[PDB]
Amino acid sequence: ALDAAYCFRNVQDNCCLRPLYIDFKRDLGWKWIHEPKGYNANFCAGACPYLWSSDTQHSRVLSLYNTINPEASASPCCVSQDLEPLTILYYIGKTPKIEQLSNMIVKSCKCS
């Protein structure tokens, strides 16, 4: 998979997970989250070679088209695959509460 272990080994031009830490107050302007101060959101970026696409007929027809006619490219797009939640601390008045924020973290990537 295009995850931390495979992708964080070196810098790669191809579709891969990229490290990113987001500080809620500083980078999002979210003051409602008291803890943690930030988290490793990560993101997906990089070139998609033509055979890296699947799960849709249009994508596999497009991949086959591209492999035969490269010069006239319609290159696939590096997108998120596995997403994970994050537990945070917020307040209801003076009472500290905890809740899960869904799909905050990207763990792996794929080509569209």
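One rule holds for the numbers: they count along the sequence shown, beginning at 1. Between two forms, the rigid core is the largest collection of C-alphas that superpose within 1.5 Å.
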inquiry  = Given a rigid core fit, name the stretch, 27 to 35 or 60 to 68, whose C-alphas are on average farther from the form shown here in 4 other deposited structures of this protein.
reply    = 60 to 68
query = If you line up the core and then measure how far each C-alpha sits from this form in 4 other deposited structures of this protein, which stretch comes out higher, 82 to 90 or 40 to 48?
reply = 82 to 90
inquiry  = Going by the mean C-alpha B-factor recorded in the entry, which is higher: 82 to 90 or 65 to 73?
reply    = 65 to 73
task = Could you check the entry and say whether 92 to 100 or 14 to 22 has the higher mean CA B-factor?
result = 92 to 100
key: Largest Cα B-factor, entry values, listed residues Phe43, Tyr39, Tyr50, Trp30   = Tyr50
remark   = Quick tally, chain-level thirds of C-alpha B-factors: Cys109 sits in the lowest
